[PDB]
């Protein structure tokens, strides 16, 4: 009589992922059997490819989750709002599928399985292939992940709802960024470091009172009476060298509150200042989703 977390929230250092964002085209009922088929497929792929260390998550937007849940629980869930009066655009969809593992080829098979399960019930809006880059750096050349919650125990504490109807579930935030690396390369390395809040090559934290309040770390390293507002990030670089490229931002949290506070901070709603990264990169999508526990995906019918 307990709850199991979906397999894709907690894994650390996976080298590849696929994110599919889609709208519900018909009766929301179609999502019931599809979701059950999908998590069964994941179990099948985990059995066939034990060395892939595969995990996946199926999550739902506010409108369809209120229908599937009958309005019970997920009290913080809402459509992703526009932040900074539009600085952060809003592209709220109905369904999010997140696949991650040590093997892109296995991820690809799982994505095909997801598409076959949901079939013509969904309208795919975005499919992004994330890849870990050299030294786990973002395409900007700064290491991404250093202060991310480490270890299953702490990641569970931060990402997984502990009790009540939603025990084992999590809130998910996805936001695709498009980097302008030409604009970045116009900046001196010291200017870039003051924009992030860490040194570039050695990845050393710059002290809070040495770095601008607009620095990324100053915007998102938030505390409430000394307790950090932590989140579990699963973000990865994506794109082509000659085309669109950037960071696919993805975070999980037991409370949507921690994510929203960081967004209000970055986009100027809190103190009128905004994240210095907007000098070379911008968000073009945005959505909030609820990732139920595995057994509730099994109580979908």
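Residue numbers count along the first chain shown, from 1.
- For the pair 106-114 and 163-171, the mean Cα B-factor is higher in 163-171.
- Of the two stretches examined, 213-221 and 189-197, the record assigns the greater average C-alpha temperature factor to 189-197.
- As recorded in the PDB entry, 272 shows the highest C-alpha B-factor of the residues 243, 272, 55, 246.
- Out of 182, 98, 230, 78, it is 182 whose C-alpha atom has the highest B-factor in the PDB entry.
- Looking at the C-alpha B-factors along this chain, the one for residue 235 belongs to the lowest third.
- Placement of the Cα temperature factor of residue 125 within the chain: middle third of the modelled residues, per the deposited record.
- In this PDB entry, residue 37 carries a Cα temperature factor that places it within the highest third of its chain's modelled residues.
- Sort the chain's modelled residues by C-alpha temperature factor and residue 156 lands in the middle third, per the entry.
- For residue 30, the recorded CA B-factor ranks within the highest third of the chain. Only modelled residues enter the ranking.
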